[PDB]
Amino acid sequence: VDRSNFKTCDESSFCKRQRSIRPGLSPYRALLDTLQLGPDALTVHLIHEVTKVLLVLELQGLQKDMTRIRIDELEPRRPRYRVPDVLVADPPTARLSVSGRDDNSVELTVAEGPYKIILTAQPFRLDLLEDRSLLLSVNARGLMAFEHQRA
């Protein structure tokens, strides 16, 4: 193979930019005042502490013990792409409930358990549990990066 024909990560400018963000304290935090529970999803605003860019987290518990996380800009200049035709259906949701709260945290229960989601406000973070067993964390190394659409 002729490797010089194909970009390494360092030659891919967005990969170079992203990969230079190393594990540390995330600047994103969730604005629990904006939290809204809906028929299909929990939505809460996220903010970059330095740039003040506002994002929207759409968090969903799904039937068949799945979670969906979608993050988009709050007021984008132009719509961002959302992949069509791959999903065979709009995935059936399960109801989210606030089953715990403190100053820096909201605990959500998917339906009637056993799956729970802990949204940490500062720094922004998500933890997924079956009862008390931690299954997976999101943004635990603080590597979330969302380049907003500029002028």
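One-based numbering along the sequence shown.
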Per the PDB record, is the mean Cα temperature factor higher over 116-124 or over 32-40?
32-40
Report the stretch with the higher mean CA temperature factor, choosing between 42-50 and 60-68 on the basis of the entry.
42-50
Modelled-residue ranking by C-alpha temperature factor, third containing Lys16
middle
In terms of its chain's C-alpha B-factors, the third that includes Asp90 is the middle
Tell me, lowest, middle or highest third: where does the Cα B factor of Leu134 rank within its chain?
middle
